[PDB]
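Chain naming follows the written order as A, B, C, D, E and F, and within any one chain the residues start at number 1.
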Amino acid sequence: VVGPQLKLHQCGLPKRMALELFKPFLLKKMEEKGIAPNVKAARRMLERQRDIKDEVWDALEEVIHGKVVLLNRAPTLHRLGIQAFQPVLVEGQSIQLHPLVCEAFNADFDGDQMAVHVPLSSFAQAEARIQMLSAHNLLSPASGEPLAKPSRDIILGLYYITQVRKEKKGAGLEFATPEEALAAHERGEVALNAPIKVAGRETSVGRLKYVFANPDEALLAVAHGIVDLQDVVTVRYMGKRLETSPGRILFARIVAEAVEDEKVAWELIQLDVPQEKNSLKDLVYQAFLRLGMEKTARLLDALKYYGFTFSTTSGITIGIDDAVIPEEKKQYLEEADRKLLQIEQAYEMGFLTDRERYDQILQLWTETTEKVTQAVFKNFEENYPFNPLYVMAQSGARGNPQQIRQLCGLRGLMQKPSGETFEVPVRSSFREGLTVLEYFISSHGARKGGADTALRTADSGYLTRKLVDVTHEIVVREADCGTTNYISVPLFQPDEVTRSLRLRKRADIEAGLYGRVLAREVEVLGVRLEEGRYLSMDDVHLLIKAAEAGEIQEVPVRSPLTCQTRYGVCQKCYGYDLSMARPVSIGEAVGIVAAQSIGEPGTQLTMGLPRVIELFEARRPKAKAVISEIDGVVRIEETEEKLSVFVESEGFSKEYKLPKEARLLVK
Amino acid sequence: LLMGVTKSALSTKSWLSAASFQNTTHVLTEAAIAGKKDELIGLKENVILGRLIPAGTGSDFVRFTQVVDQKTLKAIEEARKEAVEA
Amino acid sequence: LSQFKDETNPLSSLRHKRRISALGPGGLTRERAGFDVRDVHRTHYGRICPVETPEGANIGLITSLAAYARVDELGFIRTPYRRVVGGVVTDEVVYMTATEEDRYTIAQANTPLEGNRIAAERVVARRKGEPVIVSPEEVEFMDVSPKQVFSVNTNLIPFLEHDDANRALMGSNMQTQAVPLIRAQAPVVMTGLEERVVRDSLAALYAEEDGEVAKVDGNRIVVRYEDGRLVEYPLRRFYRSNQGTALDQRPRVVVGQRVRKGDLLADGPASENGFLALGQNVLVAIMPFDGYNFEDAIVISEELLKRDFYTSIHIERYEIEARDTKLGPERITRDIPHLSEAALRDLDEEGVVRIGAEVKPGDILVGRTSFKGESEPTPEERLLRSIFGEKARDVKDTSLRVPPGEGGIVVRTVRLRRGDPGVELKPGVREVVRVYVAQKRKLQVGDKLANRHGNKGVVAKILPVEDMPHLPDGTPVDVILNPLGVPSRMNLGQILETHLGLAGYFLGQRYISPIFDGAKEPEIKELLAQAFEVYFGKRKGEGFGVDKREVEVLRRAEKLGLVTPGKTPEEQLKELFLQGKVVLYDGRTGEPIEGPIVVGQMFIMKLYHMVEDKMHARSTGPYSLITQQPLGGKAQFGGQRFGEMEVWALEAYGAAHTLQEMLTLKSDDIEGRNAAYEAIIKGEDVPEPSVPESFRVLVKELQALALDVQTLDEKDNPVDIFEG
Amino acid sequence: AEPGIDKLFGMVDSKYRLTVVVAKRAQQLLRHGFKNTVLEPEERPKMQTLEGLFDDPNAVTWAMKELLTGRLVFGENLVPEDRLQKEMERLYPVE
Amino acid sequence: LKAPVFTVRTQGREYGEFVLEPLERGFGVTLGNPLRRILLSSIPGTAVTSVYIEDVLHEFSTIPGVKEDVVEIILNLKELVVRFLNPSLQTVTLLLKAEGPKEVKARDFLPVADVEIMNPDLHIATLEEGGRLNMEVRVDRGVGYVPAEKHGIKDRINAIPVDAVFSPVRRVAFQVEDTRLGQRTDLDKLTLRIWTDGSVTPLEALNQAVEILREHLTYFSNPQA
Amino acid sequence: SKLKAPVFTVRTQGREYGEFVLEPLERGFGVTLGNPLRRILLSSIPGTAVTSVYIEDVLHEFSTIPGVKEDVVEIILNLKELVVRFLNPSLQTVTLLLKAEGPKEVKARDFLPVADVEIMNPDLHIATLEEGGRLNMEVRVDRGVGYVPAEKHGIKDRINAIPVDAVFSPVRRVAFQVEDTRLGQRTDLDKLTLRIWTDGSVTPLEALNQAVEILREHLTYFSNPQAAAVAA
């Protein structure tokens, strides 16, 4: 059951359950105190349920104090599938789980059960809450991203207060130049012309009208209902007249009160834009880098609390009228109708071959669908910016534009079970009647998706086992291995549009570089990146800005592929990802960690996944491409059936037979 | 020599880890002949025996750690003082 | 292909008798192959539901047949169509083979008519599989109804047309899991089949002819027909189902009441006055709350438990044999040896618990005493039997007791005694005795709830009525659903059920929206306009205008674009009503919700997944013999399995000691766990080994074959691992 | 989270070494009585239903307080293992 | 400095509107909600607590000659509303014994010393020819909602405890209406509105409600550590 | 239920901040007491605040003053933060005078003293005067309650005066959290704990007590009945 009042620290679990788990412990504590002479009397007191006295409970909670229990949920895909919490005695018969760790265990509250184990030893207890406590495992070991980040409602709350309005500048209320616009545009505002927040180019009439000295004043004003949280007013926070909203300066103090350092807190937030899972993700990650572990913990619960609390009062539901069909739909479908009618006669005259007609109908609706998709979010963004659907979608709360397009616009082209998409698409959306046929048409691909999800449940840790069998050896046993070897991580990739150069995407470089050890010192931009420091995230971004100006194209970073210490890896060669952000502690069972963090996402690989098998098992491909045994020069032939290429040097040559279908790469 | 995941896995130095696959008689026998030793290198090996994990806490780098209060610390200083005879 | 009757409710068994499996006992299809076997094919149109298949492994394999589909003289599924003569539709129907279907042009059921004519020149029709647009002349057949496309359950979802196929099978499969509720209720917005389901499933009891009612017990009904018959229909009083639910009948007629042929006399288990009553009509407000309806959690008004709506009876069945043994015969008796007088207060003179007594886990249900094991020792004891007053042997306690988990109050007993009067008692079985125990099981935090549209959810919080959203008049809502469950799951049908349910709540009426011949938006709107002149037309007259809070919300409302400004609050609130939404005030501050919120009546039901079967907690207890890991028993549960992946978890942390505990002191290593618990009662810390059980056993068990396995020191040296 | 964990992770070369130190300190802080402590004059961990953590609720938490001050020494091979145990029992009673 | 006019409007025992006017900006909420929240919970009253039927030994029974099972009779018994006319009675055991062809109303209980059944036409059960219903229900006084499973009240060994909905307050609504009065526009006409079963009048409940609140403010009496 | 008399513990630190915990309360009274008290603390608590200002030669709120570093807006913003206390309930309003010249940091003490007025805020930074800078000003302090914007009250002293937003309420912020606490067999009891911030005029405790006293006195208003009934 969701436990929103629990600290990330904590979990709730029923009374009768806690009493039985710690029963041998409890017997002792009733023997500590005057509750029982000895255990043989302590046993008899606890048999039947109606007897447990008030003082007995006091002893139970007293036994619990500080101790943690382990919680588990069914498919234990990565290590964060087991986390430790303190138990909290709760009414009821369910375990209560903190919402921020419904991320780690793939858990939603629709019947899922969980396991609960007691650790017995002071040892077992220590490692449970030095290493396994949830409020310490904030960043995933797979990617350095944070994993205990704001979920469904937390995001939807914090975005609904950290947002701004716009309104009817029916007349071009220019204040930038006129001082007659100071009072007399407010004249018109305190008349029936201009709204409190509109473009006046430098200010909105709200900016001028209300100007608060405290933030304490600003919300005291909001409390008295003269301005809302997402109106724009002038406030003076930290020696600057800020034109902003009370909601977004409220958000600021929320972060600023969680972590005691108002000054850092200001500096690592971006209150010039609304808050969405990405910005909050970065905020959580920035906070853990700069401020420590436990402060980020207090930050997360705090975000969870105002996120929840503002979510309910803000009042956002889903009525049927909140899925607004743009006027653009009937227009685009009329075009689409006509242009499909053009295709019909062009084929009926003999100008379009029976194939070229088909390709051209699909081309039509694929364009028609994408056009009305952007035509929906155009409506939302220009006319109803606070529409719940649109808010949930563009916040991290809930919604894929792929999904929204099916409620408001239309479900597009369905597929046959074979793979050929149908000619007639689904013209309807869900907000209006989906026809009988359009629904039976849709179900063909509906089950092919349900089936593909079923055929990945079948063997859950299948990938993970085989990687565990290969890697369980691997530990961190040495501080370093003396090896002066390394790997050069390339920052560009040659042949894509041509045989040229191109910056690898941001995530990729980032994934290959975040938290490694330099192999060599690298002086780039008045920066000597000394050999053998753990290059951080900012570090990695600098090398991207560096190779963006073309100053380098590779990096020397020490790697496991070039580690030397035998039966595991050394600290330096491995990267810089414990669950924390700090360097690898000796004894980190990186082996299983690497397996899980590769195997867990394997549950999201469609059937892709067989490719992944095909790489991990050295195996022959399907459409295998010949490599050149010799570094030489290309020459091709035009033989009627079957061409070929010679790769030739000044010394010797080699011909490679090429089937007729085989399209080449090198000119 | 490049080998796939399962092949690389199914061919280990240790026989304890090897006995966890599908033909155990072959590897038990092959090792029983040559009097093979099984260094408790990896995890899987060391879990078949009921013996402690060679990682985390069970890393020999950390296993042997000592802690002393400053009151009993100077109380060992006096374990070497009575070592002078007469 | 034989399996227990899935009879959780009437609909549950009807769905079950009408399943279709691919995994034949002769070896037709096996668990390995799936890809094209499971897909829906064009021929399933009208013949096999594209929805009914269950989640997980058995997708596409087990799928129920369509509503109108039936099997002809040979094993072929055959859907109906009706012929159209040129452009004139007939009242004459032809069930057609799947192959025979493909010979013709079949038009779609949503095709306009004028008595018998097609109307639109531009017609929707299917040839063999393809979607074809056609003219009225070409049309050769037409469908009978959109219901013939899906199964019986899928055909109880009212606005399926607005529901994603994926979460639609979740609605279909859950109605199976609907548990019969004592205060059961038909949906506020139906589809039409809900009186036909309780007919064809024989849940209920209907008059055989026209006549009058002569007697009505809670036990039996008696009626006087025209033909002169006077028939006695005895009721099924409190019968247990195969999976625990209570299936009883309730008489719904009075003595002296005339009846018509086919009229209803008694409701089945989940039948409200002739309608399928799988759940109840709650007043739902769909809005977030203080992290209490997170992902798919649910929040509940305590008014439900007071009104006892979400209560459902359940009856368990406990059974013991008085078997006959080498030691001597066992005896169902009351004088058990080592029992306190307090532990026997509820057992009758024979040892059976008395009817109507609350039994708690550990009490006696039927007392049984068996002779002391290890045998009848003839050499010496046989003399003692003649020496000492014969039958003065020793007898122990082997009674039957309410297991961990619980029971209720005893409601019925069954003795099948020797002198066997029509019973097949097994060899050595002397008698058998059964006791039925029952429980009124109210809704509790942890139980599972769902609508017809596929909205899974566990009750996460039971708020008191005081502090939860209410309307201007002091009426609170009953259920709080999180709107974040709507957009991912494309199932807007539940949203329409809410709006239409909102109008039906102030109009005092229920609705039937046929599956694809449903309620259109204008119809719904004008019923809501009809509603608001009652929700608020009256509040003007009672002397109350708009609330200062209502206008504060209409302020932000027009800023949000939900009312058109310049109108009066009344005309705006009606604009705002028609959109399903209303001004709602947080019950704990009295301050209005700052935007309008849609509320209404939604049909929600209680699933078979309650929390009595579900919670377990094990400290210590029994342990198996060949494997020493533990198991449940007298007053102890079993452990949870700590699997291989859960070992990879602890390995991925540094939980070396925690993991070894899981494998040593928890259940497997005898010396270890004994030292572990004795040292807990001490107040000590638990020591790990010693040596581990698995390690010593694997030595000697290898040692059983002629393998010399030694253990060695750091330098190669012998280490004795057997503790002297 | 837990009070000053960031400071404790910094105390040790190995994340896991903190754990063993905490655990082994907790063990002695239970075994040779509870008066083994280095910090018990004024403000040391407390509880509710009275204020009563000054004798014996959570030994591992204690160890984390104690290690949070420079009073304790941790390291690979500090003192011979065997006179370690002989000198602890010999110095403190409660047995 | 205002002195708000407290007008009262009564409609029998059931409904009562209590108007307080004119109030300071936004006190309609400040006074009319914490009283709402108190009226709903902490107002005391009466409710049926346990039942015993002739020959019936558990709640899951059927009574010959009676249409309704023992469960439906209990569900019908929760609606029984009973005024105690003397604030010294903690419990009254009502007796009902009827036979023959009859629709047994709550009327048909035998009269008690100082007890008023506010619910005379409440339908208890439908008895046919020769149907015998003989029973003893007990009403206690209490506060709030208390299930049968918490209290477990039984007079006799065959009794069946019934859930207890004591609070005699059906619904409660307050209306904050704008009242110009004199100088100011933004004044609140707090008029709050109360429905009740007759055991206690709406006024009776409101007065106990403000008195529960008053008494809760006195808990900030003396500070401590 | 009586002998569970709730313990009212108080942490107090000076005169700005104070946490007040009240426990254990019957299910759902934490909100029933904490929100009606916060709504009282924020509005109906009485006090003083600057309501109108007049500057030497300044004719609009937006101008810039030669020889003065601060814009006319930040001076009025500094004046909104001025906290003052009347010591005799016969002062209905005080017009404070400030006249200073030359290079100086004019503090809130640089207002000239007045007979029954205590500036709680003597070190407040009012303005920074540059070389040849002349500052001559009269600000108007009135008694009031709550927060009142400039265009609502429209206070006038001189024809050049500029009305200022009024922060009367000597309460800066108020927040309460209602926590579950356990007494024996029940977990679901309410632990009402509320924070109060104030400007120094009154301590947090004095504000809370004035607040409960307003509420108490408002309950006494259901004591003078009348007669009517509605139907149509």
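What we mean here is this: a contact is a pair of C-beta atoms (placed from the backbone, for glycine too) under 8 Å apart; a residue touches a chain by one contact, two chains touch by 3 or more.
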Trace the shortest chain of touching neighbours from subunit D to subunit E and give its length in steps.
-> 2
Which chain has its C-alpha centre farthest away from the C-alpha centre of subunit E?
-> B
Comparing C-F against E-F, which pair counts more contacting C-beta pairs?
-> E-F
Averaged-CA centre spacing for the pair subunit F and subunit B, given as whole angstrom | 69
CA centroids of subunit B and subunit C: separation to the nearest Å works out as 51
Euclidean distance of C-alpha centroids - subunit A vs subunit B, Å = 39
What whole-Å value do you get for the distance between subunit A and subunit F if each is reduced to the mean of its CA atoms?
-> 44
Residue numbers in subunit A touching two or more further chains are 5, 58, 61, 121-123, 127, 131, 225, 468, 472, 586-589, 592
Residues in subunit F with touches to at least two other chains are numbered 27-28, 31, 35, 43, 146, 230
Of all residues in subunit C, which are in touch with two or more distinct other chains?
-> 464, 466-467, 543, 588-589, 591, 650-651, 653-657, 683, 685, 688
Subunit E-facing residues of subunit C, complex | 182-183, 215-219, 237-238, 248, 250-251, 254-255, 302, 305-306, 308, 313, 355-356, 409-411, 438, 440, 442, 464-467, 470, 472-475, 543-549, 587-591
Of subunit C, residues touching subunit B in the complex | 647, 650-651, 653-657, 659-660, 663-664, 668-669, 688-689, 691-695, 698, 707, 712
Where on subunit B does subunit C make contact in their complex?
-> 28, 32, 37, 43, 47-53, 55-58
Where on subunit A is subunit D touching in the complex?
-> 8-9, 58, 61-62, 65-67, 121-123, 125-127, 129-131, 133, 135-136, 292-294, 297-298, 578, 580, 582, 585-588
Within their complex, state which residues of subunit A touch subunit F.
-> 5, 15, 52, 54, 57-58, 61, 89-91, 179, 182, 190, 210-214, 216-217, 219-221, 223-224, 226, 236, 241
